[PDB]
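Working notes, beginning with the structure itself.
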Amino acid sequence: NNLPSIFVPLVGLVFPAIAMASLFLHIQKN
Amino acid sequence: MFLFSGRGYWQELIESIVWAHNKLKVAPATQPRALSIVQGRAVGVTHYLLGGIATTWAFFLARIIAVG
Amino acid sequence: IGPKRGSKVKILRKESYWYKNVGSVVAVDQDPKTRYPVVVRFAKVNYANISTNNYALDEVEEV
Amino acid sequence: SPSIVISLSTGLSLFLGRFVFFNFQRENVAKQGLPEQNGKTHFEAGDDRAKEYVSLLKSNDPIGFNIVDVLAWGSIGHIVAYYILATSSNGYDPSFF
Amino acid sequence: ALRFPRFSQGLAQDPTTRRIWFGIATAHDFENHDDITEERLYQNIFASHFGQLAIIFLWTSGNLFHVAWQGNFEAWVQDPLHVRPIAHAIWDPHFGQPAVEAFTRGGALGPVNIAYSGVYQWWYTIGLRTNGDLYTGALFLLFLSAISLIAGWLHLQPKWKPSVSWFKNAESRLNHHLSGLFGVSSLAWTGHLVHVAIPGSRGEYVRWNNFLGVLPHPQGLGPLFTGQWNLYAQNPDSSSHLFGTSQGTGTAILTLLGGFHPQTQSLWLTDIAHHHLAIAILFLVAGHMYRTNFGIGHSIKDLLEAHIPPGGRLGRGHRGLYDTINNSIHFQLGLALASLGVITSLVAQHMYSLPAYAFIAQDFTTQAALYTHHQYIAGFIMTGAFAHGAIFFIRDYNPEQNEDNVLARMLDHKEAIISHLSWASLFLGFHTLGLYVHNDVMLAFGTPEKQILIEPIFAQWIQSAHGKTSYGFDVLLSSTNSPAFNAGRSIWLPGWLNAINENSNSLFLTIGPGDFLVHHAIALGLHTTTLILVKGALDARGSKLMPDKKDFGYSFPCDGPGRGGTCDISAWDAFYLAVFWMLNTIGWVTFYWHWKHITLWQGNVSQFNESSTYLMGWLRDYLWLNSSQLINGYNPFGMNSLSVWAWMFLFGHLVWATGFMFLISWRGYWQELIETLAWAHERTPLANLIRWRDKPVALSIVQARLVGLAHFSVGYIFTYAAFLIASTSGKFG
Amino acid sequence: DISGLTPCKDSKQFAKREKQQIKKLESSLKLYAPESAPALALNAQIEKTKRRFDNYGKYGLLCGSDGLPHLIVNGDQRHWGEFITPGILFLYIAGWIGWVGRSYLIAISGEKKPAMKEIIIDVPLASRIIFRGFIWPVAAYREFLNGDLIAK
Amino acid sequence: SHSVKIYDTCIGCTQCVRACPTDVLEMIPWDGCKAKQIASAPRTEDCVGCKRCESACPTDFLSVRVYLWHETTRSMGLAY
Ligand code: CLA
Ligand code: CLA
Ligand code: CLA
Ligand code: CLA
Ligand code: CLA
Ligand SMILES: CC1=C(/C=C/C(C)=C/C=C/C(C)=C/C=C/C=C(C)/C=C/C=C(C)/C=C/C2=C(C)CCCC2(C)C)C(C)(C)CCC1
Ligand SMILES: CC1=C(/C=C/C(C)=C/C=C/C(C)=C/C=C/C=C(C)/C=C/C=C(C)/C=C/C2=C(C)CCCC2(C)C)C(C)(C)CCC1
Ligand SMILES: CC1=C(C/C=C(\C)CCC[C@H](C)CCC[C@H](C)CCCC(C)C)C(=O)c2ccccc2C1=O
């Protein structure tokens with residue numbers, strides 16, 4: 001098991017960073 | 001109430017109030033007008049300061065007289 | 001060409017502050033090419049501190 | 001007997017619809033025409049699904065009785081008959097209302 | 001057209017940062033996007049509906065899955081009154097050892113949260129007893145969400161795209177919604193209650209693999225078709241019945257007993273099934289009114305046009321209203337929002353006096369949380385209704401087509417309505433404040449007997465008309481001999497009077513002088529909020545200060561300093577100002593409800609009966625007294641399980657104060673500060689290599705007002721939720 | 001009697017409250033000398049409290065369970081003096097004030113600049129106008145009948 | 001750039017032209033008034049939105065109207 005120890009860091013940290021980078025790049029694009 | 005709102009709403013309400021007065025022939029010669037922006041800001045800040053200072057005064061005096 | 005001086009007229013312009021009120025005509029322009037000849041004075045001031053206005057021939061009704 | 005009551009109610013409702021209230025219903029449905037949006041019928045506006053089923057309503061009966069009238073009056077009669085049966089089944093007594 | 005706001009070039013041309021800020025703000029205003037048509041707007045609305053349905057289904061599926069995976073449903077069902085439900089587990093790298101040891105509750109082996117939603121009782125009542133059922137439900141809901149997304153994608157395609165003439169078919173839509181959406185669903189729910197829930201209540205198990213071999217009634221379908229329906233109400237459950245067991249049960253499936261089940265203190269399931277059956281029958285009968293392709297029915301246009309009174313007291317009547325409603329979607333949104341708000345308020349008022357779930361009456365925190373949640377939602381919806389009504393007046397009103405109908409007459413005499421509303425609000429506020437201040441002064445001087453206490457005789461008389469014998473009157477149902485009493489005695493009053501005459505339940509609680517002032521304060525709040533919203537809606541098109549308000553739009557900052565200064569002149573500002581009054585009124589209502597119920601539960605009712613007639617009693621006996629356990633969540637010595645709530649408490653306060661910053665300070669100061677900061681950034685070494693792409697500017701006026709309002713509301717809600725839950729859960733009584 | 005209320009002379013909590021108040025007053029009274037003025041003031045306070053309680057008992061109010069008097073605004077003939085008569089008196093006074101103000105406004109409306117008359121009141125005209133409010137209901141009724149009350 | 005419009009109720013008192021801080025409005029000859037002139041707003045792209053022209057205009061309602069519209073560097077009053 002131990003699913004929370006793998007899933008909580010993923011949703012908390014990695015996914016927000018990926019989404020922020022993608023949104024910033026899409027916004028700044030001309 | 002004086003720090004979150006603006007003059008136009010109060011003027012538009014006073015218009016309807018003045019109409020209701022006009023229907024009964026009690027219209028004053030001095031036409032009522034809403035307060036100016038600077039006047040509203042001054043009233044708001046004065047009331048804020050007075051309320052806060054009076055609250056602190058009452059609390060301090062009550063505590064220090066009842067316990068000391 | 002317009003109402004005589006001194007007569008009382010009623011305003012029929014929705015835009016004006018004195019809508020459906022009574023004013024006094026002071027003068028009327030005689031040029032046929034003037035759009036708003038009639039000059040009216042009111043006893044009460046609007047939100048601005050003026051108390052005079054100009055109207056056309058189809059906006060003032062004699063009372 | 002449920003059969004007797006159901007048959008009586010349905011027959012009486014159909015007789016009332018066919019012979020008594022036919023003209024009134026026709027006049028009232030003629031007064032209020034098809035529903036309209038912006039002055040045009042729903043089919044005229046461009047809705048193909050709102051086309052009247054003219055073929056279905058055609059009938060060989062002399063006065064014009066069609067399937068829809070039969071269905072409506074039979075439904076009314078059945079509702080009345082089952083109300084009567086259900087009310088007569090139980091033994092509720094108002095006791096001086 | 002080339003930047004981020006692809007739906008608006010004007011917002012995509014400017015180089016400042018507001019292009020970002022407004023880009024999120026106007027993404028759902030389909031009528032503002034350039035190159036827009038009716039077809040595209042309707043299709044986008046349809047797709048948004050499908051997406052919303054998918055999101056709702058996914059949320060419900062996630063809740064079910066988490067309850068199944070990390071809950072204690074199987075342990076809770078055995079002993080409902082001595083087990084605390086569990087919502088989900090807690091994983092936190094920031095937790096210390098004391099927090100881990102203190103947050104372990106129930107039968108769990110680690111930190112968990114206690115579920116105050118109340119879904120355990122709801123799922124237990126309907127017949128779920130195992131985790132496999134929850135897993136199956138979650139799978140089904142996930143499938144439904146996927147189906148909704150697929151349908152949305154399919155109907156966004158060109159081949160299956162509908163036309164505008166399809167979206168404007170009111171009669172067919174009304175018939176279908178009244179017949180299939182409301183009636184067939186109730187019939188199916190009645191079938192479920194008869195087939196699954198009731199046998200589960202009596203100890204039997206009926207599932208997908210054996211529901212065709214079990215007869216819900218020993219007689220069968222014979223009595224229903226033949227006519228003797230009373231055979232379905234022959235052997236009801238006895239008063240000694242124990243829920244979920246085969247001791248003292250019965251065979252009836254549809255009854256009209258009334259009252260509450262003795263053990264569970266909830267409504268009988270057979271009553272619920274009977275109610276749903278009757279409701280479904282009524283809806284199925286009534287869903288046949290309007291005309292369709294079959295040549296029989298009613299036309300709404302003729303129905304509206306035919307209603308004009310002789311004598312011309314109503315103008316032209318209802319002529320032209322059909323086109324006005326059909327062409328405009330804001331009118332429909334306003335009507336739907338008003339109806340939904342009324343329904344939500346009714347649900348909130350009904351679910352606490354007539355509970356329908358087993359063992360939910362003895363869970364006080366769930367009751368309080370549900371009531372507060374539903375009341376706040378209803379308030380927000382009611383505000384939105386008037387907001388969209390004002391939007392409709394601004395955008396979709398045609399003066400020429402609505403000549404001298406009811407709408408024109410409504411717009412004709414706004415002054416009288418506004419003046420009368422102002423008079424009522426002033427009257428109520430003046431007298432309520434005066435009475436409260438007089439009582440407070442009388443208590444302060446030490447002579448409580450000089451208070452002004454007025455009995456609510458009208459409400460007490462109404463209560464006595466229902467069969468309550470705590471006052472003295474014998475009217476209608478209270479009198480032993482009467483037409484109503486004799487007519488109804490044989491069927492439903494034997495249980496209704498017993499339920500209403502008990503003092504433990506919350507059905508028609510006794511009232512006194514303390515409720516009079518609170519009810520008048522509630523009326524004052526309602527009147528003032530209605531006055532604000534009505535003035536904002538009516539004065540939208542124009543006034544004397546600005547006779548061309550309709551040209552600028554629904555939302556705009558101001559009209560400059562001329563004519564004495566015109567701030568907050570738009571209707572958006574009117575909604576903005578009414579939000580505060582809505583929040584205050586809902587707060588008063590929730591305070592009254594919570595205090596009355598907490599005193600009732602604690603065992604002493606004299607505290608509320610005595611201290612609620614002056615405001616110092618409200619301040620001392622409600623907030624200061626009940627905050628003692630909440631503020632002690634963490635202290636220098638240690639902490640307990642309430643600590644998190646305490647944190648949230650403080651958190652809420654902070655947000656509230658932050659709102660004030662956006663609500664008093666205005667733009668010019670911050671613009672000058674931003675200019676100075678830009679100069680400072682440009683001039684410094686080793687940091688001028690990095691340069692921005694969008695010029696930083698201060699927030700706009702309407703944007704700052706919106707931000708302040710959002711902060712205010714968030715702080716309000718979080719603070720009250722934390723206080724209520726902590727205070728109600730610390731004592732559990 | 002009404003809504004499960006007890007007459008205030010019968011109720012025991014009323015006498016209990018009176019006893020508590022008298023004891024609280026005497027607790028402070030015991031401190032000062034008998035001849036001192038504070039003793040006289042406290043004795044006067046005690047006499048006033050006793051008289052107030054006696055009058056409240058005499059007037060026939062209905063204390064509740066908590067022992068405090070309650071007011072009935074139904075219109076019952078036994079409790080007309082609690083609400084209805086003061087209401088009539090207040091309505092008369094308010095009508096007097098409103099009629100006097102409206103009459104003064106109409107009287108000063110004739111002049112060229114009524115604003116200077118509003119900011120600086122004239123006393124003789126107001127004194128003449130004030131006493132006409134003693135008959136305000138009759139004048140208001142007659143003006144309503146004629147049609148001079150409502151502007152056109 | 002905001003939108004500035006002039007209506008025919010103008011009487012040519014030249015207050016709006018003097019009040020403008022960015023030289024947006026000017027005066028042209030006209031025919032339907034005693035002053036024989038009327039205002040105009042050629043340099044619309046230089047408008048900032050201060051609404052001083054509306055502040056200085058004698059009429060029942062303003063004969064010069066300013067409607068806020070798409071913003072740019074000039075209309076935002078930015079010097080950096
Ligand atoms: C949303 C989920 C989330 C999660 C799961 C974490 C998780 C964690 N926090 Mg962070 N944090 C968050 C949000 C979150 N935070 C937010 C919103 C804030 C603002 C208030 C902070 C502010 C914060 C502070 C102020 C501190 C932490 C620290 C910690 C660590 C505590 C464990 C420990 O005791 O140290 C165990 C020992 C460690 C130092 C871990 C070392 C290994 C780490 C995980 C690095 C792995 C490297 C990798 C390349 C990371 C970059 C990849 C990128 C995609 C993220 C852990 C990594 C503590 C910390 O990191 O110490 C400096 C700490 O002091 N957090
Ligand atoms: C009989 C068949 C039929 C059915 C079943 C529906 C059903 C539906 N249509 Mg309609 N529709 C039909 C015919 C039908 N339509 C026809 C013929 C047309 C063409 C004229 C349309 C035109 C149409 C349009 C244009 C749209 C819909 C939409 C919808 C959906 C509404 C949203 C929603 O889910 O409400 C849920 C409703 C309810 C649950 C019913 C009860 C509501 C009350 C307030 C609740 C009672 C409370 C009760 C105590 C519940 C307790 C809860 C429990 C947890 C305790 C829904 C799926 C809208 C949509 O969402 O599209 C996806 C949409 O935009 N329809
Ligand atoms: C039934 C659903 C419903 C629907 C479909 C609409 C539809 C519409 N509304 Mg209405 N409205 C509703 C209910 C609804 N409304 C309610 C209940 C209210 C009362 C609050 C309003 C009040 C309202 C106003 C005041 C306005 C509209 C307007 C609009 C239109 C613009 C949408 C938009 O721009 O938003 C996109 C907006 C956003 C994405 C940004 C704001 C998001 C808020 C601030 C989030 C709050 C933050 C969050 C909770 C923080 C969490 C933090 C955490 C710690 C908890 C759109 C057609 C606008 C209009 O001009 O119409 C022409 C308009 O000005 N509506
Ligand atoms: C708790 C403080 C507070 C109070 C008391 C009020 C009070 C009022 N609001 Mg305001 N308001 C507030 C905060 C407050 N507001 C906030 C935060 C907002 C959000 C911006 C608003 C926005 C707002 C709107 C949008 C509206 C009002 C309106 C009203 C009035 C409602 C009618 C009524 O109740 O009359 C009862 C009257 C009173 C309680 C006023 C106080 C009377 C004092 C105590 C008596 C003076 C006597 C004494 C001798 C004093 C002498 C002074 C000394 C120097 C000699 C009333 C004046 C509505 C309106 O104007 O209706 C006409 C309206 O439309 N308010
Ligand atoms: C001005 C508006 C007003 C409003 C909005 C309310 C609102 C409310 N009242 Mg209150 N009430 C008012 C004035 C008002 N009241 C007055 C003047 C009295 C007499 C003292 C009362 C006494 C009262 C009682 C005894 C009760 C309520 C209750 C309630 C609630 C239910 C409605 C009701 O029962 O109908 C009652 C409605 C009215 C009597 C209409 C009055 C409207 C006129 C215009 C008021 C002014 C009339 C004038 C003073 C009378 C003549 C004077 C007389 C001496 C000749 C509701 C919150 C009931 C409740 O639910 O309590 C929990 C209840 O038990 N009210
Ligand atoms: C051929 C012919 C004839 C005859 C005819 C007839 C005889 C007919 C009949 C008809 C009919 C006979 C019909 C019927 C119909 C029916 C219906 C349409 C029904 C309905 C129903 C319903 C709707 C129900 C419902 C319900 C349910 C289901 C459950 C419970 C409740 C209720 C009851 C509500 C003659 C000789 C004359 C002439 C020549 C030709
Ligand atoms: C702005 C606007 C709008 C909106 C509006 C709104 C939002 C409204 C609301 C409204 C409301 C919210 C209302 C309500 C009402 C209610 C009522 C009217 C009720 C009634 C009731 C009754 C009548 C009852 C009775 C009874 C009793 C008492 C008991 C039992 C028996 C019986 C049932 C008989 C619109 C869109 C239109 C458009 C235009 C503008
Ligand atoms: C409430 C409010 C008003 C309305 C406030 C008004 C009209 C002030 C009213 C003051 C007194 C109560 C008016 C009457 C004064 C006379 C001396 C009364 C003489 C009669 C007897 C009482 C003696 C504004 O005009 C305003 C303007 C700008 C921002 C905020 C606000 C604001 O919040």
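Just so we're on the same page: first chain in the structure tokens is A, next is B, and so on; residues restart at 1 for each chain, and ligands are numbered from 1 in the order they show up.
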Test item: residues no farther than 10 Å from ligand 4, counting only C-alpha atoms and all ligand atoms, as JSON, numbers by chain: {"B": [1, 2, 3, 4, 5, 6, 9, 10, 13, 14, 17], "E": [418, 419, 420, 421, 422, 423, 424, 425, 426, 427, 428, 429, 430, 431, 432, 433, 434, 437, 521, 524, 525, 527, 528, 529, 530, 531, 532, 533, 535, 536, 573, 574, 575, 576, 577, 578, 579, 580, 581, 584, 663]}
Write the selection just made, keeping N, CA and C atoms, as a compact mmCIF listing (two decimals), in the first residue's frame?
# COMPACT_ATOMS: atom_id res chain seq x y z
N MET B 1 -20.23 52.09 7.23
CA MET B 1 -21.19 52.55 6.23
C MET B 1 -20.64 53.70 5.41
N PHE B 2 -19.79 54.54 6.00
CA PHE B 2 -19.23 55.68 5.30
C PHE B 2 -17.92 55.38 4.60
N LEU B 3 -17.39 54.16 4.74
CA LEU B 3 -16.10 53.83 4.16
C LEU B 3 -16.18 52.82 3.02
N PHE B 4 -17.31 52.14 2.85
CA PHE B 4 -17.44 51.10 1.84
C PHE B 4 -18.34 51.48 0.66
N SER B 5 -19.00 52.64 0.70
CA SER B 5 -20.00 53.00 -0.29
C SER B 5 -19.60 54.29 -1.00
N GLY B 6 -20.51 54.80 -1.84
CA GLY B 6 -20.27 55.98 -2.63
C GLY B 6 -21.47 56.90 -2.65
N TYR B 9 -25.28 56.26 -5.14
CA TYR B 9 -26.39 55.47 -4.61
C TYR B 9 -27.25 56.31 -3.67
N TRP B 10 -26.61 57.06 -2.77
CA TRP B 10 -27.36 57.86 -1.81
C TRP B 10 -28.10 58.99 -2.51
N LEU B 13 -31.17 57.51 -4.13
CA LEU B 13 -32.20 57.21 -3.14
C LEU B 13 -32.89 58.48 -2.65
N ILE B 14 -32.11 59.54 -2.41
CA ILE B 14 -32.67 60.81 -1.98
C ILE B 14 -33.59 61.37 -3.05
N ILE B 17 -36.88 59.71 -2.37
CA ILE B 17 -37.41 60.25 -1.12
C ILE B 17 -37.97 61.66 -1.34
N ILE E 418 -39.77 52.37 -3.82
CA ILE E 418 -38.55 52.65 -3.07
C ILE E 418 -38.87 53.40 -1.78
N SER E 419 -39.76 54.39 -1.85
CA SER E 419 -40.11 55.17 -0.66
C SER E 419 -40.78 54.30 0.40
N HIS E 420 -41.69 53.42 -0.01
CA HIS E 420 -42.38 52.58 0.96
C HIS E 420 -41.43 51.57 1.59
N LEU E 421 -40.52 51.00 0.79
CA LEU E 421 -39.52 50.09 1.35
C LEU E 421 -38.63 50.81 2.35
N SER E 422 -38.22 52.04 2.02
CA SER E 422 -37.40 52.82 2.95
C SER E 422 -38.15 53.11 4.24
N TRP E 423 -39.44 53.45 4.13
CA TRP E 423 -40.24 53.71 5.33
C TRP E 423 -40.30 52.47 6.22
N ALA E 424 -40.57 51.31 5.62
CA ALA E 424 -40.66 50.08 6.41
C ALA E 424 -39.33 49.76 7.08
N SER E 425 -38.22 49.88 6.34
CA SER E 425 -36.91 49.59 6.92
C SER E 425 -36.60 50.53 8.07
N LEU E 426 -36.86 51.83 7.89
CA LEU E 426 -36.59 52.80 8.94
C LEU E 426 -37.42 52.51 10.18
N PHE E 427 -38.71 52.22 9.99
CA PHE E 427 -39.60 51.91 11.10
C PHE E 427 -39.07 50.73 11.90
N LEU E 428 -38.80 49.62 11.21
CA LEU E 428 -38.37 48.40 11.89
C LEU E 428 -37.05 48.61 12.62
N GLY E 429 -36.06 49.20 11.94
CA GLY E 429 -34.77 49.40 12.56
C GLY E 429 -34.84 50.31 13.77
N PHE E 430 -35.52 51.45 13.63
CA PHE E 430 -35.68 52.38 14.73
C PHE E 430 -36.25 51.69 15.95
N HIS E 431 -37.37 50.99 15.78
CA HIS E 431 -38.06 50.47 16.96
C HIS E 431 -37.34 49.26 17.56
N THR E 432 -36.76 48.40 16.73
CA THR E 432 -35.99 47.28 17.27
C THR E 432 -34.79 47.77 18.07
N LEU E 433 -34.04 48.73 17.51
CA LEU E 433 -32.88 49.26 18.23
C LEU E 433 -33.30 49.95 19.52
N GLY E 434 -34.40 50.72 19.47
CA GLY E 434 -34.86 51.40 20.67
C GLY E 434 -35.23 50.43 21.78
N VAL E 437 -32.04 48.78 23.22
CA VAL E 437 -31.26 49.69 24.05
C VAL E 437 -31.97 49.94 25.38
N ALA E 521 -35.83 41.76 13.90
CA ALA E 521 -34.53 42.06 13.30
C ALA E 521 -34.35 41.33 11.97
N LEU E 524 -36.34 43.21 9.46
CA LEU E 524 -35.63 44.43 9.08
C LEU E 524 -34.53 44.14 8.08
N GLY E 525 -33.74 43.10 8.32
CA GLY E 525 -32.67 42.75 7.39
C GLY E 525 -33.21 42.38 6.02
N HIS E 527 -36.05 43.35 4.69
CA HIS E 527 -36.58 44.55 4.05
C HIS E 527 -35.47 45.42 3.49
N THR E 528 -34.39 45.60 4.25
CA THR E 528 -33.31 46.46 3.78
C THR E 528 -32.60 45.86 2.57
N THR E 529 -32.32 44.55 2.61
CA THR E 529 -31.69 43.91 1.46
C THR E 529 -32.58 43.99 0.23
N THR E 530 -33.88 43.75 0.41
CA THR E 530 -34.81 43.86 -0.71
C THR E 530 -34.85 45.28 -1.26
N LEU E 531 -34.83 46.28 -0.38
CA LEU E 531 -34.83 47.67 -0.83
C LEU E 531 -33.60 47.96 -1.68
N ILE E 532 -32.42 47.54 -1.20
CA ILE E 532 -31.19 47.80 -1.94
C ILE E 532 -31.25 47.14 -3.32
N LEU E 533 -31.62 45.86 -3.35
CA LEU E 533 -31.62 45.13 -4.62
C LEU E 533 -32.67 45.69 -5.58
N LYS E 535 -33.93 48.79 -5.67
CA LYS E 535 -33.48 50.08 -6.20
C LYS E 535 -32.41 49.88 -7.27
N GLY E 536 -31.46 48.97 -7.02
CA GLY E 536 -30.44 48.71 -8.02
C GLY E 536 -31.01 48.19 -9.32
N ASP E 573 -22.62 48.07 -8.35
CA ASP E 573 -22.36 48.58 -7.01
C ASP E 573 -23.53 48.33 -6.07
N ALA E 574 -24.76 48.32 -6.59
CA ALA E 574 -25.92 48.02 -5.75
C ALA E 574 -25.89 46.58 -5.26
N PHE E 575 -25.57 45.64 -6.16
CA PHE E 575 -25.38 44.25 -5.74
C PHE E 575 -24.22 44.13 -4.75
N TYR E 576 -23.14 44.85 -5.03
CA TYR E 576 -22.00 44.89 -4.13
C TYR E 576 -22.40 45.33 -2.73
N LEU E 577 -23.26 46.34 -2.62
CA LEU E 577 -23.65 46.84 -1.31
C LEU E 577 -24.65 45.91 -0.63
N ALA E 578 -25.52 45.26 -1.41
CA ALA E 578 -26.50 44.34 -0.83
C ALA E 578 -25.87 43.04 -0.34
N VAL E 579 -24.69 42.67 -0.85
CA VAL E 579 -24.04 41.45 -0.37
C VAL E 579 -23.77 41.53 1.13
N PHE E 580 -23.33 42.69 1.61
CA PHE E 580 -23.04 42.86 3.04
C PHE E 580 -24.28 42.64 3.89
N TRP E 581 -25.41 43.22 3.46
CA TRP E 581 -26.65 43.07 4.22
C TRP E 581 -27.14 41.63 4.20
N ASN E 584 -25.06 39.84 6.76
CA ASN E 584 -25.44 40.20 8.13
C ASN E 584 -26.75 39.52 8.53
N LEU E 663 -10.80 47.90 0.69
CA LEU E 663 -12.12 48.50 0.80
C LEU E 663 -12.09 49.95 1.27
Review point. What are the residues of chain F that have an atom within 6 Å of an atom of chain E, counting only C-alpha atoms, as a PyMOL selection string?
Key: chain F and resi 3-4+68+70-71
Atoms to include: N, CA and C atoms. Write the selected residues as a compact mmCIF listing (two decimals), in the first residue's frame.
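Output (again_21.txt):
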# COMPACT_ATOMS: atom_id res chain seq x y z
N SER F 3 -52.23 32.89 27.34
CA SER F 3 -50.99 32.24 26.89
C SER F 3 -50.21 31.66 28.07
N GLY F 4 -50.92 31.12 29.05
CA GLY F 4 -50.28 30.51 30.20
C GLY F 4 -49.50 31.48 31.06
N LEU F 68 -40.99 38.24 35.46
CA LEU F 68 -40.98 39.60 34.96
C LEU F 68 -42.27 39.91 34.20
N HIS F 70 -45.07 40.99 31.51
CA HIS F 70 -45.20 40.87 30.07
C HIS F 70 -46.31 41.79 29.58
N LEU F 71 -46.20 42.22 28.32
CA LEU F 71 -47.15 43.14 27.71
C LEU F 71 -47.96 42.42 26.65
Around ligand 6, which protein and nucleic acid residues have at least one atom no more than 7 Å from it, if we count only C-alpha atoms and all ligand atoms? List them as a PyMOL selection string.
(chain D and resi 10-11+70-75+78-79+82) or (chain E and resi 281)
Check your understanding: Any idea which chain A residues end up within 8 Å of chain E if we count only C-alpha atoms, as a PyMOL selection string please?
Key -> chain A and resi 4-5+8+26-30
Write out, as a compact mmCIF listing (two decimals), in the first residue's frame, the residues just selected, with N, CA and C atoms.
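And here's again.txt as it stands now:
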# COMPACT_ATOMS: atom_id res chain seq x y z
N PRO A 4 -0.78 7.07 -0.05
CA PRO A 4 -0.67 8.51 0.24
C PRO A 4 0.75 9.05 0.17
N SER A 5 1.73 8.28 0.64
CA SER A 5 3.11 8.75 0.62
C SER A 5 3.66 8.94 -0.79
N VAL A 8 0.35 12.16 -2.33
CA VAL A 8 0.27 13.51 -1.77
C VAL A 8 1.40 14.40 -2.27
N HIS A 26 2.05 29.63 -21.94
CA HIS A 26 0.94 29.89 -22.85
C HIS A 26 0.52 31.35 -22.81
N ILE A 27 0.55 31.97 -21.62
CA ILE A 27 0.15 33.37 -21.50
C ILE A 27 1.17 34.27 -22.18
N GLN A 28 2.46 34.03 -21.92
CA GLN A 28 3.50 34.90 -22.47
C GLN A 28 3.68 34.72 -23.98
N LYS A 29 3.15 33.64 -24.55
CA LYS A 29 3.32 33.40 -25.98
C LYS A 29 2.57 34.44 -26.80
N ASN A 30 3.20 34.87 -27.89
CA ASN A 30 2.59 35.83 -28.81
C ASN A 30 2.02 35.13 -30.04
Report task. Find the residues near region 409-412 of chain E: any atom within 10 Å, counting only C-alpha atoms, skip ones fewer than 2 places away on the same chain, and give them as a list in words. Result -> residues 314, 315, 316, 317, 393, 402, 403, 404, 405, 406, 407, 414, 415, 416, 417, 537, 538, 539 and 541 of chain E
Go ahead and save the residues from that selection, with C-alpha atoms, as an mmCIF file, in the first residue's frame.
data_model
loop_
_atom_site.group_PDB
_atom_site.id
_atom_site.type_symbol
_atom_site.label_atom_id
_atom_site.label_comp_id
_atom_site.auth_asym_id
_atom_site.auth_seq_id
_atom_site.Cartn_x
_atom_site.Cartn_y
_atom_site.Cartn_z
ATOM 1 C CA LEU E 314 -53.441 46.766 -15.160
ATOM 2 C CA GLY E 315 -52.644 48.595 -18.395
ATOM 3 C CA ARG E 316 -52.490 46.244 -21.369
ATOM 4 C CA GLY E 317 -52.083 43.190 -19.127
ATOM 5 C CA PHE E 393 -33.279 45.234 -17.489
ATOM 6 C CA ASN E 402 -43.477 46.139 -23.907
ATOM 7 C CA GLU E 403 -45.697 49.214 -24.242
ATOM 8 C CA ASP E 404 -48.079 49.647 -21.287
ATOM 9 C CA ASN E 405 -47.828 46.041 -20.095
ATOM 10 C CA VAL E 406 -47.055 45.007 -16.508
ATOM 11 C CA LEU E 407 -43.306 45.548 -16.969
ATOM 12 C CA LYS E 414 -40.322 52.998 -8.979
ATOM 13 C CA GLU E 415 -40.353 55.993 -6.620
ATOM 14 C CA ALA E 416 -43.366 54.803 -4.612
ATOM 15 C CA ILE E 417 -41.927 51.301 -4.166
ATOM 16 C CA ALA E 537 -32.620 46.759 -10.447
ATOM 17 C CA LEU E 538 -35.133 49.543 -11.136
ATOM 18 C CA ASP E 539 -32.659 52.441 -11.438
ATOM 19 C CA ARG E 541 -31.602 52.087 -17.147
#
- Which residues of chain C are close to chain G, meaning at most 7 Å apart when you count only C-alpha atoms, and how do they look as a PyMOL selection string? chain C and resi 15-17+33-35+53
